[PDB]
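One file, start-v2.tsv, carrying TSV, N, CA and C atoms:
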chain	number	residue	atom	x	y	z
A	1	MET	N	-14.01	37.29	21.22
A	1	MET	CA	-12.96	36.29	21.33
A	1	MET	C	-13.19	35.14	20.36
A	2	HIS	N	-12.13	34.40	20.06
A	2	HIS	CA	-12.22	33.27	19.14
A	2	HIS	C	-11.37	32.10	19.63
A	3	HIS	N	-11.51	30.95	18.98
A	3	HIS	CA	-10.75	29.76	19.35
A	3	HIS	C	-10.79	28.72	18.23
A	4	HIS	N	-9.98	27.68	18.37
A	4	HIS	CA	-9.92	26.62	17.37
A	4	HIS	C	-9.71	25.26	18.03
A	5	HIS	N	-9.82	24.20	17.24
A	5	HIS	CA	-9.64	22.84	17.75
A	5	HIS	C	-9.21	21.90	16.64
A	6	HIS	N	-8.95	20.64	17.00
A	6	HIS	CA	-8.52	19.64	16.04
A	6	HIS	C	-9.06	18.26	16.41
A	7	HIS	N	-8.94	17.31	15.49
A	7	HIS	CA	-9.41	15.95	15.72
A	7	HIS	C	-8.69	14.97	14.81
A	8	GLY	N	-8.56	13.73	15.27
A	8	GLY	CA	-7.89	12.71	14.48
A	8	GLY	C	-8.85	11.65	13.97
A	9	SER	N	-8.89	11.48	12.65
A	9	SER	CA	-9.78	10.50	12.03
A	9	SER	C	-9.01	9.23	11.67
A	10	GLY	N	-8.54	8.53	12.69
A	10	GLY	CA	-7.80	7.30	12.46
A	10	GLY	C	-8.57	6.07	12.89
A	11	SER	N	-8.49	5.01	12.08
A	11	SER	CA	-9.19	3.77	12.37
A	11	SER	C	-8.46	2.58	11.77
A	12	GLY	N	-8.88	1.38	12.15
A	12	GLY	CA	-8.26	0.17	11.64
A	12	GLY	C	-8.58	-1.05	12.47
A	13	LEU	N	-9.77	-1.61	12.28
A	13	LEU	CA	-10.19	-2.79	13.02
A	13	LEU	C	-10.77	-3.85	12.09
A	14	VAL	N	-10.01	-4.92	11.88
A	14	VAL	CA	-10.44	-6.00	11.01
A	14	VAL	C	-11.21	-7.06	11.79
A	15	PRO	N	-12.36	-7.49	11.25
A	15	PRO	CA	-13.21	-8.50	11.88
A	15	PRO	C	-12.57	-9.89	11.85
A	16	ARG	N	-12.08	-10.28	10.68
A	16	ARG	CA	-11.45	-11.59	10.52
A	16	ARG	C	-10.35	-11.53	9.46
A	17	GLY	N	-9.54	-12.58	9.41
A	17	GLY	CA	-8.46	-12.64	8.44
A	17	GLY	C	-8.95	-12.44	7.02
A	18	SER	N	-8.77	-11.23	6.49
A	18	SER	CA	-9.20	-10.92	5.14
A	18	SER	C	-8.30	-11.60	4.11
A	19	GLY	N	-7.01	-11.67	4.42
A	19	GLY	CA	-6.07	-12.30	3.51
A	19	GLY	C	-4.67	-12.37	4.09
A	20	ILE	N	-3.94	-13.43	3.76
A	20	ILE	CA	-2.58	-13.60	4.24
A	20	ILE	C	-1.77	-12.32	4.09
A	21	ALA	N	-1.57	-11.90	2.84
A	21	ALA	CA	-0.81	-10.69	2.56
A	21	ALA	C	-1.34	-9.51	3.37
A	22	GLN	N	-2.66	-9.39	3.44
A	22	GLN	CA	-3.28	-8.30	4.18
A	22	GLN	C	-2.81	-8.29	5.63
A	23	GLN	N	-2.81	-9.46	6.26
A	23	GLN	CA	-2.38	-9.58	7.65
A	23	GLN	C	-0.87	-9.34	7.77
A	24	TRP	N	-0.11	-9.89	6.83
A	24	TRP	CA	1.34	-9.74	6.84
A	24	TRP	C	1.73	-8.27	6.89
A	25	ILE	N	1.10	-7.46	6.04
A	25	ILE	CA	1.38	-6.03	5.99
A	25	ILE	C	1.35	-5.42	7.39
A	26	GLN	N	0.37	-5.83	8.18
A	26	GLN	CA	0.23	-5.32	9.54
A	26	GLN	C	1.40	-5.76	10.42
A	27	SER	N	1.89	-6.97	10.17
A	27	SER	CA	3.00	-7.52	10.93
A	27	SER	C	4.30	-6.77	10.62
A	28	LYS	N	4.58	-6.61	9.33
A	28	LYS	CA	5.79	-5.92	8.89
A	28	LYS	C	5.45	-4.53	8.36
A	29	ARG	N	4.48	-3.88	8.99
A	29	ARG	CA	4.06	-2.55	8.58
A	29	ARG	C	5.18	-1.54	8.78
A	30	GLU	N	5.80	-1.57	9.96
A	30	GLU	CA	6.89	-0.66	10.28
A	30	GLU	C	8.10	-0.92	9.38
A	31	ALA	N	8.28	-2.18	8.99
A	31	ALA	CA	9.39	-2.57	8.13
A	31	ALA	C	9.13	-2.16	6.68
A	32	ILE	N	7.95	-2.49	6.19
A	32	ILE	CA	7.58	-2.16	4.81
A	32	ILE	C	7.61	-0.65	4.59
A	33	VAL	N	7.19	0.11	5.60
A	33	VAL	CA	7.17	1.56	5.51
A	33	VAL	C	8.58	2.14	5.60
A	34	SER	N	9.40	1.54	6.46
A	34	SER	CA	10.77	2.00	6.65
A	34	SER	C	11.66	1.55	5.49
A	35	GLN	N	11.23	0.51	4.79
A	35	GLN	CA	11.97	-0.02	3.65
A	35	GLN	C	11.48	0.59	2.35
A	36	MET	N	10.23	0.29	2.00
A	36	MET	CA	9.63	0.81	0.77
A	36	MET	C	9.80	2.32	0.68
A	37	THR	N	10.77	2.76	-0.12
A	37	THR	CA	11.03	4.18	-0.29
A	37	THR	C	9.98	4.83	-1.19
A	38	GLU	N	10.16	6.12	-1.47
A	38	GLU	CA	9.23	6.86	-2.32
A	38	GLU	C	9.17	6.24	-3.71
A	39	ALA	N	10.29	5.71	-4.17
A	39	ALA	CA	10.36	5.09	-5.49
A	39	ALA	C	9.45	3.86	-5.57
A	40	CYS	N	9.73	2.88	-4.72
A	40	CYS	CA	8.93	1.65	-4.69
A	40	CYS	C	7.45	1.97	-4.48
A	41	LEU	N	7.18	3.01	-3.70
A	41	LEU	CA	5.81	3.41	-3.41
A	41	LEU	C	5.05	3.71	-4.70
A	42	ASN	N	5.55	4.67	-5.47
A	42	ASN	CA	4.92	5.06	-6.73
A	42	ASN	C	4.69	3.84	-7.61
A	43	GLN	N	5.67	2.95	-7.66
A	43	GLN	CA	5.57	1.74	-8.47
A	43	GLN	C	4.38	0.90	-8.04
A	44	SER	N	4.32	0.57	-6.75
A	44	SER	CA	3.23	-0.24	-6.21
A	44	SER	C	1.88	0.40	-6.53
A	45	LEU	N	1.81	1.72	-6.39
A	45	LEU	CA	0.57	2.45	-6.66
A	45	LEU	C	0.11	2.22	-8.09
A	46	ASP	N	0.95	2.58	-9.05
A	46	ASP	CA	0.63	2.41	-10.46
A	46	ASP	C	0.19	0.97	-10.75
A	47	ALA	N	0.75	0.03	-10.00
A	47	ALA	CA	0.42	-1.38	-10.18
A	47	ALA	C	-1.07	-1.62	-9.99
A	48	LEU	N	-1.61	-1.18	-8.86
A	48	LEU	CA	-3.02	-1.35	-8.56
A	48	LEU	C	-3.88	-0.52	-9.52
A	49	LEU	N	-3.34	0.61	-9.96
A	49	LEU	CA	-4.06	1.48	-10.88
A	49	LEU	C	-4.51	0.72	-12.12
A	50	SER	N	-3.57	0.05	-12.78
A	50	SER	CA	-3.88	-0.72	-13.98
A	50	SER	C	-4.96	-1.76	-13.69
A	51	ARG	N	-4.96	-2.28	-12.47
A	51	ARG	CA	-5.94	-3.29	-12.07
A	51	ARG	C	-7.24	-2.63	-11.62
A	52	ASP	N	-7.19	-1.32	-11.42
A	52	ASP	CA	-8.36	-0.57	-10.99
A	52	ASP	C	-8.80	-1.00	-9.59
A	53	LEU	N	-7.82	-1.17	-8.70
A	53	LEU	CA	-8.10	-1.58	-7.33
A	53	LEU	C	-8.13	-0.38	-6.39
A	54	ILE	N	-7.25	0.58	-6.64
A	54	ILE	CA	-7.18	1.79	-5.83
A	54	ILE	C	-8.00	2.92	-6.44
A	55	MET	N	-8.86	3.53	-5.62
A	55	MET	CA	-9.70	4.63	-6.09
A	55	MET	C	-8.88	5.91	-6.23
A	56	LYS	N	-9.09	6.61	-7.34
A	56	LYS	CA	-8.38	7.85	-7.61
A	56	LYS	C	-8.46	8.79	-6.41
A	57	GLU	N	-9.60	8.79	-5.73
A	57	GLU	CA	-9.81	9.64	-4.57
A	57	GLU	C	-8.78	9.33	-3.48
A	58	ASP	N	-8.49	8.04	-3.30
A	58	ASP	CA	-7.52	7.61	-2.30
A	58	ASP	C	-6.10	7.94	-2.74
A	59	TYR	N	-5.85	7.83	-4.04
A	59	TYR	CA	-4.53	8.10	-4.59
A	59	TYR	C	-4.11	9.54	-4.31
A	60	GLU	N	-5.05	10.47	-4.49
A	60	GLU	CA	-4.78	11.88	-4.26
A	60	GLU	C	-4.44	12.14	-2.79
A	61	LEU	N	-5.26	11.59	-1.89
A	61	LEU	CA	-5.05	11.76	-0.46
A	61	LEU	C	-3.64	11.32	-0.06
A	62	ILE	N	-3.28	10.11	-0.47
A	62	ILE	CA	-1.96	9.56	-0.16
A	62	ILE	C	-0.86	10.33	-0.88
A	63	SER	N	-1.16	10.77	-2.11
A	63	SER	CA	-0.19	11.51	-2.91
A	63	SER	C	0.11	12.86	-2.27
A	64	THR	N	-0.88	13.43	-1.59
A	64	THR	CA	-0.72	14.72	-0.93
A	64	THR	C	-0.36	14.55	0.54
A	65	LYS	N	0.40	13.49	0.83
A	65	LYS	CA	0.82	13.22	2.20
A	65	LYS	C	1.95	14.16	2.62
A	66	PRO	N	2.13	14.30	3.95
A	66	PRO	CA	3.17	15.17	4.51
A	66	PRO	C	4.58	14.62	4.27
A	67	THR	N	4.73	13.31	4.45
A	67	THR	CA	6.02	12.66	4.26
A	67	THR	C	5.87	11.33	3.54
A	68	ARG	N	6.97	10.82	2.99
A	68	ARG	CA	6.95	9.55	2.27
A	68	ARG	C	6.58	8.41	3.20
A	69	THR	N	7.15	8.43	4.41
A	69	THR	CA	6.88	7.39	5.39
A	69	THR	C	5.39	7.24	5.64
A	70	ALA	N	4.67	8.35	5.58
A	70	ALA	CA	3.22	8.34	5.80
A	70	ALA	C	2.49	7.76	4.60
A	71	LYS	N	2.99	8.06	3.41
A	71	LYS	CA	2.38	7.57	2.18
A	71	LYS	C	2.20	6.05	2.23
A	72	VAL	N	3.25	5.35	2.65
A	72	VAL	CA	3.20	3.90	2.75
A	72	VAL	C	2.18	3.45	3.79
A	73	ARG	N	2.27	4.02	4.98
A	73	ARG	CA	1.35	3.68	6.07
A	73	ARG	C	-0.10	3.78	5.60
A	74	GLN	N	-0.47	4.95	5.09
A	74	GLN	CA	-1.83	5.18	4.61
A	74	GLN	C	-2.22	4.13	3.58
A	75	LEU	N	-1.25	3.68	2.79
A	75	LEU	CA	-1.49	2.68	1.76
A	75	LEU	C	-1.98	1.37	2.38
A	76	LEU	N	-1.42	1.02	3.53
A	76	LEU	CA	-1.79	-0.20	4.23
A	76	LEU	C	-3.16	-0.06	4.88
A	77	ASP	N	-3.42	1.11	5.45
A	77	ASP	CA	-4.70	1.38	6.11
A	77	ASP	C	-5.84	1.36	5.10
A	78	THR	N	-5.58	1.88	3.90
A	78	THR	CA	-6.58	1.93	2.85
A	78	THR	C	-6.79	0.55	2.23
A	79	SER	N	-5.72	-0.24	2.19
A	79	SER	CA	-5.78	-1.58	1.61
A	79	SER	C	-6.93	-2.38	2.22
A	80	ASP	N	-7.06	-2.30	3.54
A	80	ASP	CA	-8.11	-3.02	4.25
A	80	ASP	C	-9.48	-2.65	3.70
A	81	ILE	N	-9.58	-1.45	3.13
A	81	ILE	CA	-10.84	-0.98	2.57
A	81	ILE	C	-11.04	-1.50	1.15
A	82	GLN	N	-9.94	-1.67	0.42
A	82	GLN	CA	-10.00	-2.17	-0.95
A	82	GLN	C	-10.28	-3.67	-0.97
A	83	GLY	N	-9.26	-4.46	-0.65
A	83	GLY	CA	-9.42	-5.90	-0.64
A	83	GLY	C	-8.10	-6.62	-0.43
A	84	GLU	N	-8.16	-7.95	-0.40
A	84	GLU	CA	-6.96	-8.76	-0.21
A	84	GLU	C	-5.98	-8.56	-1.36
A	85	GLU	N	-6.51	-8.42	-2.57
A	85	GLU	CA	-5.68	-8.23	-3.75
A	85	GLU	C	-4.75	-7.03	-3.57
A	86	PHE	N	-5.29	-5.94	-3.03
A	86	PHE	CA	-4.52	-4.73	-2.81
A	86	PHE	C	-3.24	-5.04	-2.04
A	87	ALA	N	-3.39	-5.69	-0.89
A	87	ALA	CA	-2.24	-6.04	-0.06
A	87	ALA	C	-1.30	-6.99	-0.79
A	88	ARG	N	-1.87	-8.00	-1.43
A	88	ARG	CA	-1.08	-8.98	-2.18
A	88	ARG	C	-0.13	-8.29	-3.15
A	89	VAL	N	-0.58	-7.16	-3.70
A	89	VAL	CA	0.24	-6.40	-4.65
A	89	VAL	C	1.48	-5.84	-3.97
A	90	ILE	N	1.33	-5.42	-2.72
A	90	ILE	CA	2.44	-4.86	-1.96
A	90	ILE	C	3.51	-5.91	-1.70
A	91	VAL	N	3.13	-7.00	-1.04
A	91	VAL	CA	4.06	-8.08	-0.73
A	91	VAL	C	4.84	-8.50	-1.97
A	92	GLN	N	4.16	-8.49	-3.12
A	92	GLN	CA	4.79	-8.87	-4.38
A	92	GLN	C	5.69	-7.76	-4.90
A	93	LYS	N	5.25	-6.52	-4.74
A	93	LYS	CA	6.02	-5.36	-5.19
A	93	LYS	C	7.38	-5.31	-4.50
A	94	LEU	N	7.36	-5.31	-3.17
A	94	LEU	CA	8.59	-5.26	-2.39
A	94	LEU	C	9.57	-6.34	-2.85
A	95	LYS	N	9.08	-7.57	-2.93
A	95	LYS	CA	9.91	-8.69	-3.36
A	95	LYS	C	10.34	-8.52	-4.81
A	96	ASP	N	9.49	-7.88	-5.61
A	96	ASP	CA	9.79	-7.65	-7.01
A	96	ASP	C	11.18	-7.05	-7.19
A	97	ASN	N	11.58	-6.20	-6.24
A	97	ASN	CA	12.88	-5.56	-6.29
A	97	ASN	C	13.89	-6.29	-5.41
A	98	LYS	N	13.85	-6.01	-4.11
A	98	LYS	CA	14.76	-6.65	-3.16
A	98	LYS	C	14.57	-6.07	-1.76
A	99	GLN	N	14.11	-6.90	-0.84
A	99	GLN	CA	13.89	-6.47	0.54
A	99	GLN	C	14.20	-7.60	1.52
A	100	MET	N	15.48	-7.79	1.81
A	100	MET	CA	15.90	-8.84	2.73
A	100	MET	C	15.60	-8.44	4.17
A	101	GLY	N	15.73	-7.15	4.47
A	101	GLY	CA	15.47	-6.67	5.81
A	101	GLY	C	14.02	-6.84	6.22
A	102	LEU	N	13.16	-7.07	5.24
A	102	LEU	CA	11.73	-7.25	5.50
A	102	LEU	C	11.43	-8.69	5.91
A	103	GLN	N	12.20	-9.63	5.36
A	103	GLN	CA	12.02	-11.04	5.68
A	103	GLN	C	11.92	-11.26	7.18
A	104	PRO	N	11.39	-12.42	7.58
A	104	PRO	CA	10.92	-13.44	6.63
A	104	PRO	C	9.66	-13.01	5.89
A	105	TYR	N	9.40	-13.66	4.76
A	105	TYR	CA	8.23	-13.34	3.95
A	105	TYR	C	7.15	-14.41	4.10
A	106	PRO	N	5.92	-14.07	3.70
A	106	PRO	CA	4.78	-14.99	3.78
A	106	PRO	C	4.89	-16.14	2.80
A	107	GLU	N	4.01	-17.13	2.95
A	107	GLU	CA	4.02	-18.29	2.07
A	107	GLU	C	3.14	-18.05	0.84
A	108	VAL	N	3.11	-16.80	0.38
A	108	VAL	CA	2.31	-16.44	-0.78
A	108	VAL	C	3.08	-15.49	-1.70
A	109	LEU	N	3.39	-15.97	-2.90
A	109	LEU	CA	4.12	-15.16	-3.88
A	109	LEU	C	3.31	-14.99	-5.16
A	110	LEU	N	2.53	-16.00	-5.50
A	110	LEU	CA	1.70	-15.96	-6.70
A	110	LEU	C	0.86	-14.69	-6.74
A	111	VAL	N	0.25	-14.42	-7.89
A	111	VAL	CA	-0.59	-13.24	-8.05
A	111	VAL	C	-2.04	-13.62	-8.32
A	112	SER	N	-2.23	-14.75	-8.99
A	112	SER	CA	-3.57	-15.23	-9.31
A	112	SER	C	-4.37	-14.15	-10.04
A	113	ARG	N	-3.69	-13.37	-10.87
A	113	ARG	CA	-4.33	-12.30	-11.62
A	113	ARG	C	-4.67	-12.76	-13.04
A	114	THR	N	-3.64	-13.08	-13.82
A	114	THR	CA	-3.83	-13.53	-15.19
A	114	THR	C	-2.49	-13.80	-15.87
A	115	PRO	N	-2.47	-14.79	-16.77
A	115	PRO	CA	-1.26	-15.17	-17.51
A	115	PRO	C	-0.84	-14.10	-18.52
A	116	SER	N	-0.15	-13.08	-18.03
A	116	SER	CA	0.31	-11.99	-18.88
A	116	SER	C	1.30	-11.09	-18.14
A	117	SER	N	2.03	-10.28	-18.89
A	117	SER	CA	3.01	-9.37	-18.30
A	117	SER	C	2.34	-8.40	-17.34
A	118	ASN	N	3.15	-7.75	-16.51
A	118	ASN	CA	2.63	-6.79	-15.54
A	118	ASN	C	2.32	-5.45	-16.20
A	119	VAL	N	3.36	-4.80	-16.72
A	119	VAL	CA	3.20	-3.51	-17.39
A	119	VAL	C	4.28	-3.30	-18.44
A	120	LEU	N	4.12	-2.26	-19.25
A	120	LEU	CA	5.08	-1.94	-20.30
A	120	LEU	C	5.65	-0.54	-20.10
A	121	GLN	N	4.79	0.39	-19.71
A	121	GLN	CA	5.20	1.77	-19.49
A	121	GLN	C	4.52	2.36	-18.26
A	122	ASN	N	5.28	3.10	-17.46
A	122	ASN	CA	4.75	3.71	-16.25
A	122	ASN	C	3.60	4.67	-16.59
A	123	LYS	N	2.96	5.19	-15.55
A	123	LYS	CA	1.85	6.12	-15.73
A	123	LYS	C	2.29	7.35	-16.52
A	124	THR	N	1.33	8.01	-17.16
A	124	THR	CA	1.62	9.21	-17.95
A	124	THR	C	1.02	10.45	-17.30
A	125	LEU	N	1.85	11.48	-17.12
A	125	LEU	CA	1.41	12.72	-16.51
A	125	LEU	C	1.68	13.91	-17.44
What's the structure tokens form of this structure?
Amino acid sequence: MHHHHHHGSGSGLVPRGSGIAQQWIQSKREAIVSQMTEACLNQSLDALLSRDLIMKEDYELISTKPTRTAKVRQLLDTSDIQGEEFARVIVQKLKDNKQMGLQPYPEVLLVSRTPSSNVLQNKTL
């Protein structure tokens, strides 16, 4: 005779306020995920890529997600592992386009990255 089983590797416990944007994501997580479509998702991803904030290993995992809605969620869960900057990129990305249904927004819009353009050409595959 034979048999099988399964298990869930889910976690998410922050010790203290890592960052405004980071915390905000958790507040409007359901909204950001329900709003941020597959399009905005890819954009936000490539954003951190240029900054070298997201690990390629994580990109693949999220890229090989079952559904788009999950891709966003996982992005927030992983952000806590990366840093405050990671989350800050999201809040800025969403606003970069247009997300009124997500409002109200946090009191942080700046990037504090560097005095220069964001990007010129999307990722190359």
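Closest approach to residue 73 (chain A) from the set A:30, A:58, A:107, A:96 is made by A:30, with distances taken over all atoms listed in the file.
Closest approach to residue 23 (chain A) among A:97, A:104, A:88, A:109 is made by A:88 (distances from only C-alpha atoms).
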Test item, helix (DSSP H, G or I) assignment across chain A, answer as a ChimeraX atom specification: /A:20-27,29-35,38-51,56-63,68-82,84-97
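Comparing the minimum interatomic distances between residue 26 (chain A) and each of A:69, A:76, A:1, A:43, counting all atoms listed in the file, we find that A:76 sits nearest.
Minimum atom-to-atom distances from A:7, A:95, A:113, A:68 to residue 38 (chain A) were compared using all atoms listed in the file, and the lowest value belongs to A:68.
Between CA of residue 16 (chain A) and CA of residue 93 (chain A) lies a distance of 24.3 Å.
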From A:35, A:114, A:64, A:9, residue lying nearest residue 51 (chain A) [only C-alpha atoms]: A:114
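Proximity to residue 74 (chain A) was assessed for A:90, A:125, A:62, A:14 counting only C-alpha atoms; the smallest distance is recorded for A:62.
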Residue list as JSON, numbers by chain for point (-5.3, -8.2, 3.2), cut-off 5 Å, only N, CA and C atoms: {"A": [18, 19, 21, 22, 23, 83, 84, 87]}
CA of residue 72 (chain A) to CA of residue 55 (chain A), straight-line distance in Å: 15.7 Å
Atom N of residue 10 (chain A) to atom N of residue 92 (chain A), straight-line distance in Å: 26.5 Å
Contacts of residue 106 (chain A) within 9 Å, only C-alpha atoms, excl. fewer than 5 positions in-chain, as JSON, numbers by chain: {"A": [20, 21, 24, 91]}
Close residues, residue 118 (chain A) itself excluded, 9 Å, only C-alpha atoms, min 2 positions apart in chain, as a PyMOL selection string: chain A and resi 47+116+120
Since the input is missing atoms for region 62-79 of chain A, could you rebuild it with N, CA, C and O atoms and give the result as a PDB file, keeping the file's coordinate frame?
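Final output, saved to result_37.pdb:
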ATOM      1  N   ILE A  62      -3.280  10.110  -0.470  1.00  0.00           N
ATOM      2  CA  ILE A  62      -1.960   9.560  -0.160  1.00  0.00           C
ATOM      3  C   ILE A  62      -0.860  10.330  -0.880  1.00  0.00           C
ATOM      4  O   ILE A  62       0.229  10.534  -0.346  1.00  0.00           O
ATOM      5  N   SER A  63      -1.160  10.770  -2.110  1.00  0.00           N
ATOM      6  CA  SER A  63      -0.190  11.510  -2.910  1.00  0.00           C
ATOM      7  C   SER A  63       0.110  12.860  -2.270  1.00  0.00           C
ATOM      8  O   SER A  63       1.223  13.383  -2.382  1.00  0.00           O
ATOM      9  N   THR A  64      -0.880  13.430  -1.590  1.00  0.00           N
ATOM     10  CA  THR A  64      -0.720  14.720  -0.930  1.00  0.00           C
ATOM     11  C   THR A  64      -0.360  14.550   0.540  1.00  0.00           C
ATOM     12  O   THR A  64      -0.747  15.351   1.384  1.00  0.00           O
ATOM     13  N   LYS A  65       0.400  13.490   0.830  1.00  0.00           N
ATOM     14  CA  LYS A  65       0.820  13.220   2.200  1.00  0.00           C
ATOM     15  C   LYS A  65       1.950  14.160   2.620  1.00  0.00           C
ATOM     16  O   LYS A  65       2.638  14.747   1.796  1.00  0.00           O
ATOM     17  N   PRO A  66       2.130  14.300   3.950  1.00  0.00           N
ATOM     18  CA  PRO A  66       3.170  15.170   4.510  1.00  0.00           C
ATOM     19  C   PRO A  66       4.580  14.620   4.270  1.00  0.00           C
ATOM     20  O   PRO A  66       5.495  15.362   3.931  1.00  0.00           O
ATOM     21  N   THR A  67       4.730  13.310   4.450  1.00  0.00           N
ATOM     22  CA  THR A  67       6.020  12.660   4.260  1.00  0.00           C
ATOM     23  C   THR A  67       5.870  11.330   3.540  1.00  0.00           C
ATOM     24  O   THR A  67       4.770  10.766   3.483  1.00  0.00           O
ATOM     25  N   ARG A  68       6.970  10.820   2.990  1.00  0.00           N
ATOM     26  CA  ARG A  68       6.950   9.550   2.270  1.00  0.00           C
ATOM     27  C   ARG A  68       6.580   8.410   3.200  1.00  0.00           C
ATOM     28  O   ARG A  68       5.802   7.522   2.845  1.00  0.00           O
ATOM     29  N   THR A  69       7.150   8.430   4.410  1.00  0.00           N
ATOM     30  CA  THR A  69       6.880   7.390   5.390  1.00  0.00           C
ATOM     31  C   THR A  69       5.390   7.240   5.640  1.00  0.00           C
ATOM     32  O   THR A  69       4.897   6.133   5.886  1.00  0.00           O
ATOM     33  N   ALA A  70       4.670   8.350   5.580  1.00  0.00           N
ATOM     34  CA  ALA A  70       3.220   8.340   5.800  1.00  0.00           C
ATOM     35  C   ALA A  70       2.490   7.760   4.600  1.00  0.00           C
ATOM     36  O   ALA A  70       1.498   7.046   4.751  1.00  0.00           O
ATOM     37  N   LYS A  71       2.990   8.060   3.410  1.00  0.00           N
ATOM     38  CA  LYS A  71       2.380   7.570   2.180  1.00  0.00           C
ATOM     39  C   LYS A  71       2.200   6.050   2.230  1.00  0.00           C
ATOM     40  O   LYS A  71       1.135   5.531   1.896  1.00  0.00           O
ATOM     41  N   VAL A  72       3.250   5.350   2.650  1.00  0.00           N
ATOM     42  CA  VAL A  72       3.200   3.900   2.750  1.00  0.00           C
ATOM     43  C   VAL A  72       2.180   3.450   3.790  1.00  0.00           C
ATOM     44  O   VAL A  72       1.334   2.598   3.517  1.00  0.00           O
ATOM     45  N   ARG A  73       2.270   4.020   4.980  1.00  0.00           N
ATOM     46  CA  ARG A  73       1.350   3.680   6.070  1.00  0.00           C
ATOM     47  C   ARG A  73      -0.100   3.780   5.600  1.00  0.00           C
ATOM     48  O   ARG A  73      -0.862   2.824   5.708  1.00  0.00           O
ATOM     49  N   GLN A  74      -0.470   4.950   5.090  1.00  0.00           N
ATOM     50  CA  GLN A  74      -1.830   5.180   4.610  1.00  0.00           C
ATOM     51  C   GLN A  74      -2.220   4.130   3.580  1.00  0.00           C
ATOM     52  O   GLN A  74      -3.386   3.731   3.493  1.00  0.00           O
ATOM     53  N   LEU A  75      -1.250   3.680   2.790  1.00  0.00           N
ATOM     54  CA  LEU A  75      -1.490   2.680   1.760  1.00  0.00           C
ATOM     55  C   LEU A  75      -1.980   1.370   2.380  1.00  0.00           C
ATOM     56  O   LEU A  75      -2.848   0.697   1.826  1.00  0.00           O
ATOM     57  N   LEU A  76      -1.420   1.020   3.530  1.00  0.00           N
ATOM     58  CA  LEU A  76      -1.790  -0.200   4.230  1.00  0.00           C
ATOM     59  C   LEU A  76      -3.160  -0.060   4.880  1.00  0.00           C
ATOM     60  O   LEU A  76      -3.971  -0.988   4.855  1.00  0.00           O
ATOM     61  N   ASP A  77      -3.420   1.110   5.450  1.00  0.00           N
ATOM     62  CA  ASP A  77      -4.700   1.380   6.110  1.00  0.00           C
ATOM     63  C   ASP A  77      -5.840   1.360   5.100  1.00  0.00           C
ATOM     64  O   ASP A  77      -6.935   0.876   5.390  1.00  0.00           O
ATOM     65  N   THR A  78      -5.580   1.880   3.900  1.00  0.00           N
ATOM     66  CA  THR A  78      -6.580   1.930   2.850  1.00  0.00           C
ATOM     67  C   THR A  78      -6.790   0.550   2.230  1.00  0.00           C
ATOM     68  O   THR A  78      -7.890   0.212   1.790  1.00  0.00           O
ATOM     69  N   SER A  79      -5.720  -0.240   2.190  1.00  0.00           N
ATOM     70  CA  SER A  79      -5.780  -1.580   1.610  1.00  0.00           C
ATOM     71  C   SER A  79      -6.930  -2.380   2.220  1.00  0.00           C
ATOM     72  O   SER A  79      -7.678  -3.053   1.515  1.00  0.00           O
TER      73      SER A  79
END
